[PDB]
Amino acid sequence: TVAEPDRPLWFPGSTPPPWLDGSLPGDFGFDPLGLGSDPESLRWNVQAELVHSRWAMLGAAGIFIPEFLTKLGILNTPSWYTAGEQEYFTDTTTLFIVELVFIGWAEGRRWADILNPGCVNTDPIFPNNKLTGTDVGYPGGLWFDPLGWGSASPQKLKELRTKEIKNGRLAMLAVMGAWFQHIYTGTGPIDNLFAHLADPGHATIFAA
Amino acid sequence: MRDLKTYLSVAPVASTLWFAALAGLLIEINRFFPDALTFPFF
Amino acid sequence: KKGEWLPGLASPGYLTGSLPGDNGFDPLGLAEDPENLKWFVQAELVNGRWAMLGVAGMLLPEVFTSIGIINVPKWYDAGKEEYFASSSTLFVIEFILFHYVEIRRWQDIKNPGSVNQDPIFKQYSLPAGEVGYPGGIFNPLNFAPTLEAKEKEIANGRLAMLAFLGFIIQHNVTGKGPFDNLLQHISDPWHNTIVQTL
Amino acid sequence: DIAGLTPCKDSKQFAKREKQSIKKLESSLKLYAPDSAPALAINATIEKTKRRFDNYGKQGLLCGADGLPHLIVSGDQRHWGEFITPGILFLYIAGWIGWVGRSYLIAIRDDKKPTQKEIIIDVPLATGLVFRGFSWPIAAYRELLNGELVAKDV
Ligand code: CLA
Ligand code: CLA
Ligand code: CLA
Ligand SMILES: CC(/C=C/C=C(C)/C=C/[C@@]12O[C@]1(C)C[C@@H](O)CC2(C)C)=C\C=C\C=C(C)\C=C\C=C(C)\C=C\[C@@]12O[C@]1(C)C[C@@H](O)CC2(C)C
Ligand SMILES: CC(/C=C/C=C(C)/C=C/[C@@]12O[C@]1(C)C[C@@H](O)CC2(C)C)=C\C=C\C=C(C)\C=C\C=C(C)\C=C\[C@@]12O[C@]1(C)C[C@@H](O)CC2(C)C
Ligand SMILES: CC1=C[C@H](O)CC(C)(C)[C@H]1/C=C/C(C)=C/C=C/C(C)=C/C=C/C=C(C)/C=C/C=C(C)/C=C/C1=C(C)C[C@H](O)CC1(C)C
């Protein structure tokens with residue numbers, strides 16, 4: 001922790017809460033409801049925000065690029081919203097249950113370490129493989145750090161983590177917006193962007 | 001938060017949430033297997 | 001390193017790896033008491049040995065009959081085939097024979113070494129082993145009752161117990177034996193699972 | 001048959017009741033648009049009523065002179081689905097509840113302020129304890145044999 005006393009705040013001029021001393025990556029003092037005033041709860045919520053932002057970055061990619069790239073005629077991905085029922089080689093239940101066990105084991109490993117830092121790091125079959133990362137939420141390893149892009153002294157890594165969390169907050173809002181836009185209108189996100197850019201003064205949410 | 005977690009576990013609130021969950025479960029069960037006077041599986 | 005069912009979770013205090021097959025797996029606190037634990041280790045051993053024999057006799061004859069060597073019925077049918085004696089006759093025979101053998105085993109569980117000797121011939125007793133693994137005549141080939149060997153038996157027995165659970169549930173919802181199930185699944189896997197079964 | 005009752009599937013009063021029931025709902029469906037929300041809801045319950053009567057017929061219930069499916073609890077094996085297997089299920093669930101409660105009471109009895117943990121539930125301890133009810137029968141049997149289920153000294 002580098003207790004940035006004068007970090008830029010979300011609400012300039014107002015004092016940040018005491019449990020937010022800037023310790024966490026991208027801390028701007030935003031906790032009006034005080035949902036993280038407990039150290040254990042703070043830790044848990046740090047983990048939650050990180051995993052949410054990572055999932056949501058993966059989702060924002062997988063929604064916005066395929067339809068921005070099939071709006072232009074590159075290939076033919078259907079609408080991300082109704083992309084759930086367009087049938088595949090099997091039924092959704094077999095894939096969902098098969099994936100649940102697959103996704104489940106990894107989730108269990110994360111739970112094993114979130115609740116006990118650094119106790120699951122090594123591999124169950126070949127016990128010489130040893131995931132690298134020494135922080136919870138930042139596991140490293142050859143699997144999650146093959147390039148070692150951010151294994152340098154804790155300076156660039158701290159500004160690298162903020163980068164990740166900011167992109168991730170943006171992605172969470174993005175993904176929720178696409179779902180809300182798809183429920184309110186009946187179009188695609190790139191369609192909405194193109195329309196609002198064709199007529200900004202009139203083609204907005206105040207169009208119904 | 002800690003105190004909110006405490007208050008949400010006081011006896012009346014704990015019991016109303018428990019009984020609401022139980023009611024939901026029983027309601028759904030009888031919504032799927034309605035008019036059941038016996039155990040017909042085995 | 002006594003083995004861990006859940007890598008991130010510590011093992012209970014009553015379990016100390018002294019017993020073979022101890023992987024720290026007792027989430028429901030069933031053996032927090034020493035006497036409960038002592039009874040349960042025997043229970044597990046006998047259940048597992050019976051399950052081993054059972055699913056052996058349930059599955060091996062099935063593949064032997066389905067590769068055209070013998071012709072045995074399905075396990076869920078073999079009881080209905082009539083044999084040289086009535087079924088109730090066989091049942092009471094087995095009852096009397098099992099009652100004497102199980103009572104003997106019980107008397108040794110409650111007071112180890114009290115029933116080691118032959119009650120008819122006063123020579124020919126049993127060597128003073130330990131409850132659960134009665135050596136002597138029950139061990140003709142005289143293998144070494146090594147700890148690793150005991151662990152292998154516990155490991156296999158647990159697998160056989162799960163196999164039996166699977167056998168009966170499979171037959172109840174599917175309608176056929178185990179080998180037909182496996183060959184009919186691995187024939188076309190992606191369209192033969194529980195999802196398609198249910 | 002048992003107690004002079006007759007198999008509802010072959011009874012006449014049981015059928016007459018079914019037809020009469022179904023009859024009145026059909027009347028409620030009329031005087032409205034043929035494919036309206038209320039009419040659709042009435043249809044749904046008509047089909048539901050037909051399913052209930054067929055389900056009763058299929059399960060082999062016993063019907064008296066009024067055509068109402070009577071329940072046998074004497075222990076006859078043709079009728080365990082009516083009382084005895086639901087009874088075993090209930091006893092299991094109720095033992096689950098009671099054993100979990102007793103386990104909790106015993107666990108919190110050792111603090112200085114045990115009443116504090118009774119007006120304000122320790123939910124982490126409770127969630128650690130709830131699933132022992134799954135094995136409550138074996139645990140209770142071994143506790144009785146141990147002699148620790150019933151408090152001595154009282
Ligand atoms: C009030 C008098 C009376 C009583 C007490 C009974 C009792 C019984 N009758 Mg009977 N009957 C009666 C009158 C009576 N009948 C009359 C007057 C008639 C003429 C109409 C009949 C006609 C009749 C028929 C035709 C039949 C019976 C049968 C039965 C038995 C069915 C239940 C069973 O099989 O055991 C119990 C069933 C179990 C599955 C055991 C499980 C219960 C568990 C062990 C207890 C659960 C406790 C808990 C969950 C776990 C333990 C916890 C603990 C260790 C702490 C039962 C013992 C049936 C029978 O013969 O039995 C085979 C049967 O065929 N009766
Ligand atoms: C993640 C950033 C993001 C971006 C870049 C956009 C962009 C756009 N949105 Mg959208 N939206 C978002 C999030 C976002 N949204 C979220 C989280 C929701 C859920 C409430 C929505 C729900 C939504 C609806 C229902 C609609 C749009 C629509 C639109 C288009 C016109 C804007 C408008 O008229 O409505 C205004 C949109 C909002 C007021 C929601 C934005 C609020 C969040 C906090 C975003 C704030 C922007 C952020 C601080 C700066 C972005 C950084 C950088 C990319 C510039 C436009 C291209 C409209 C459209 O389809 O065009 C025809 C429309 O109908 N959005
Ligand atoms: C730990 C919970 C628990 C347990 C194990 C028992 C057990 C027992 N009770 Mg009792 N009881 C309880 C709670 C409990 N009770 C409560 C909260 C009340 C206040 C209404 C009563 C009032 C009561 C009376 C008046 C009588 C008994 C009697 C009995 C005995 C006979 C069974 C019976 O008829 O019960 C009856 C059950 C009830 C009347 C209501 C039960 C209330 C719920 C179902 C249980 C509460 C569970 C708890 C809130 C869950 C917490 C778990 C934790 C994880 C949070 C039996 C040993 C009878 C007896 O004396 O036997 C000879 C008797 O006359 N109980
Ligand atoms: C994770 C997520 C989305 C994940 C989606 C995925 C993976 C989708 C994957 C896809 O496969 C589908 C299914 C369909 C495929 O065809 C395509 C893709 C798209 C690839 C969104 C999260 C979205 C989550 C969001 C938006 C959360 C917002 C939370 C906020 C704003 C809270 C802020 C505050 O809490 C603080 C911090 C402090 C408090 O004091 C005050 C308040 C204000 C409460
Ligand atoms: C004995 C047995 C089966 C025996 C079968 C036999 C003899 C079959 C015999 C025949 O086939 C032949 C040979 C020939 C055929 O023609 C006829 C029949 C008659 C068919 C199965 C036991 C089967 C036993 C089973 C399945 C046991 C499961 C136990 C489980 C899952 C417990 C797990 C946990 O207990 C732990 C370990 C820790 C706790 O804290 C938590 C929980 C989760 C409770
Ligand atoms: C809303 C809206 C509406 C309108 O209309 C339209 C639009 C425009 C579409 C919109 C918007 C949107 C947005 C804003 C978005 C964003 C996103 C993001 C941020 C992403 C990121 C994203 C990000 C990302 C992916 C990232 C990723 C990363 C990665 C992979 C990495 C990897 C790795 C690792 C780990 C380790 C090693 O050693 C290296 C590597 C191997 C390399």
Side-chain angles (χ1 to χ4, degrees), chain A residues 53-54 56-65 67-68 140-151 163-164 166-178 181 188-197, chain C residues 5 12 23 25-31 40 44 46-62 72-79 81 157-158 160-169 171, chain D residues 2-3 72-80 84-85 87-95 131-132 134-145 149:
Chain A
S53 34
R54 283 168 182 160
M57 274 183 273
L58 279 190
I63 273 188
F64 297 129
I65 67 81
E67 265 189 4
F68 179 69
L142 193 138
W143 286 18
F144 322 135
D145 248 13
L147 289 55
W149 249 94
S151 178
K163 297 194 163 118
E164 167 178 52
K166 288 209 229 152
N167 294 118
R169 292 166 187 177
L170 205 55
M172 297 199 272
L173 292 181
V175 278
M176 209 55 186
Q181 280 178 205
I190 315 301
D191 186 281
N192 295 311
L193 171 63
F194 276 3
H196 166 269
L197 295 174
Chain C
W5 79 280
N23 297 117
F25 176 61
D26 192 48
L28 290 197
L30 271 168
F40 283 156
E44 174 175 29
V46 53
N47 262 79
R49 287 163 174 165
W50 277 123
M52 281 191 261
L53 253 65
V55 309
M58 266 158 113
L59 172 75
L60 289 207
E62 204 199 7
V72 305
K74 308 250 180 274
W75 66 266
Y76 53 102
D77 302 18
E81 273 73 339
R158 292 154 171 186
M161 287 190 254
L162 274 153
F164 172 81
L165 217 172
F167 281 7
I168 78 144
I169 296 208
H171 159 252
Chain D
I2 301 155
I72 302 299
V73 308
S74 59
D76 197 322
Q77 296 167 205
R78 279 164 290 154
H79 296 288
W80 276 22
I84 297 208
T85 89
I88 290 152
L89 188 48
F90 171 85
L91 288 192
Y92 186 63
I93 296 183
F131 292 103
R132 306 193 170 200
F134 166 77
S135 90
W136 92 257
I138 292 170
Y141 181 80
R142 304 300 311 179
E143 210 140 295
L144 160 75
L145 288 204
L149 168 92

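Throughout, protein chains are lettered first and strands after them, A, B, ... in sequence-line order, and every chain is numbered starting at 1. Whatever order the structure lists ligands and atoms in, that order sets their numbers, starting from 1.
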Ligand 5 atoms nearer than 4.0 angstrom to some heavy atom of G54(C) are 5 (C), 6 (C), 7 (C), 8 (C), 11 (O), 13 (C)
List the closest protein heavy-atom neighbour of atom 23 (C) of ligand 6: residue, atom name, distance to the nearest 0.1 Å. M57(A) SD, 4.0 Å
If we number the atoms of ligand 5 from 1 as shown, the ones under 4.0 Å from a heavy atom of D26(C) are 40 (O)
Side chain to side chain contact (heavy atoms under 4.5 Å, CB included) partners of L28(C), counting only residues at least two apart: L30(C), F131(D), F134(D), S135(D)
Determine, counting only non-hydrogen atoms of the protein, whether one lies under 4.0 angstrom from atom 57 (C) of ligand 1. no
Nearest non-hydrogen contact to atom 36 (C) of ligand 5 from the set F164(C), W5(C), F25(C), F134(D) belongs to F25(C)
Heavy-atom distances under 4.0 Å are what count here, so tell me which part of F90(D) touches ligand 1: side chain, backbone, both or neither. neither
Please write down residue, atom name and distance for the protein heavy atom closest to atom 8 (C) of ligand 6. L193(A) CD2, 4.3 Å
Donor-acceptor check, side chain of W80(D) to backbone of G75(D), threshold 3.5 angstrom: yes or no? yes
May I ask whether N167(A) places a heavy atom under 4.0 Å from ligand 6? yes
So which protein heavy atom does atom 34 (O) of ligand 1 come closest to, and at what separation? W80(D) CZ2, 3.4 Å
Before signing off on this row, confirm whether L147(A) and ligand 6 have an N or O atom pair separated by under 3.5 Å. yes
Verify atom 36 (C) of ligand 1: protein non-hydrogen atom under 4.0 angstrom away: no
Below 4.0 angstrom from a heavy atom of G148(A), which ligand 6 atoms are there? Numbered from 1 as shown, please. 38 (O)
From atom 19 (C) of ligand 6, is the closest protein heavy-atom distance below 4.0 Å? yes
Output yes when a protein non-hydrogen atom is found under 4.0 Å of atom 36 (C) of ligand 6, and no otherwise. yes
Heavy-atom proximity to atom 26 (C) of ligand 5 ranks first, among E44(C), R49(C), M161(C), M58(C), for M161(C)
Is at least one protein non-hydrogen atom found at under 4.0 angstrom from atom 8 (C) of ligand 5? yes
Per-atom contacts of ligand 5 with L165(C), taking only distances under 4.0 Å to non-hydrogen atoms: 26 (C)
Return the closest protein heavy atom for atom 64 (O) of ligand 1 as residue, atom name and distance. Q77(D) OE1, 3.5 Å
Checking contacts now, so for atom 30 (C) of ligand 5, which I'm interested in, is there any protein heavy atom under 4.0 Å? no
Should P146(A) be listed as contacting ligand 6, given a heavy-atom distance under 4.0 Å as the test? yes
Which of the atoms in ligand 5, numbered in the order shown and given with their element, are less than 4.0 Å from a heavy-atom of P27(C)? 40 (O)
Just how far is it from atom CZ of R142(D) to atom CG of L145(D), taken to the nearest 0.5 Å? 5.0 Å
Counting only non-hydrogen atoms of the protein, does one fall under 4.0 Å from atom 40 (C) of ligand 1? no
Under-4.0 Å protein heavy-atom contact, atom 26 (C) of ligand 6: no
Is atom 46 (C) of ligand 1 less than 4.0 angstrom from some protein heavy atom? no
For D191(A), the side chain to side chain contact (heavy atoms under 4.5 Å, CB included) test, sequence neighbours excluded, returns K71(A), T187(A)
Distance under 4.0 Å to a non-hydrogen atom of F144(A): what atoms of ligand 6 satisfy this? 35 (C), 36 (C)
How many angstroms lie between atom CG of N192(A) and atom CG of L197(A), to the nearest 0.5 angstrom? 10.5 Å
Any protein heavy atom nearer than 4.0 Å to atom 39 (C) of ligand 6: yes
Under a 3.5 Å distance rule, please check whether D26(C) uses its side chain to pair with a backbone N or O of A31(C) as donor and acceptor. yes
Using a 4.0 Å heavy-atom cut-off, which part of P189(A) comes near ligand 6: side chain, backbone, both, or neither? backbone
Output all residues satisfying salt bridge (charged side-chain N to carboxylate O under 4.0 Å, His left out) with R78(D), sequence neighbours left out; order by chain, then residue number. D1(D), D76(D)
Around atom OH of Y76(C), are there more than 12 heavy atoms of other residues, nucleotides or ligands at under 6.0 Å? yes
Distance filter under 2.8 Å, centred on atom 10 (Mg) of ligand 1 - protein N, O or S atoms that pass it: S74(D) O
Tell me: protein heavy atom nearest atom 3 (C) of ligand 6, and distance? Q181(A) OE1, 4.2 Å
With heavy-atom distances below 4.0 Å as the criterion, list the atoms of ligand 5 near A78(C). 16 (O)
Closer than 4.0 Å and a protein heavy atom, does any atom meet both conditions relative to atom 30 (C) of ligand 6? no
Closer than 4.0 Å: a protein non-hydrogen atom to atom 5 (C) of ligand 1: no
Could you find the nearest protein heavy atom to atom 20 (C) of ligand 5 and give me its residue, atom name and distance? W75(C) CE3, 3.6 Å
Do me a favour and list the nearest non-hydrogen protein atom to atom 55 (C) of ligand 1 with residue, atom name and distance? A140(D) CB, 4.6 Å
Protein heavy atom at shortest distance from atom 17 (C) of ligand 6: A60(A) CB, 4.3 Å
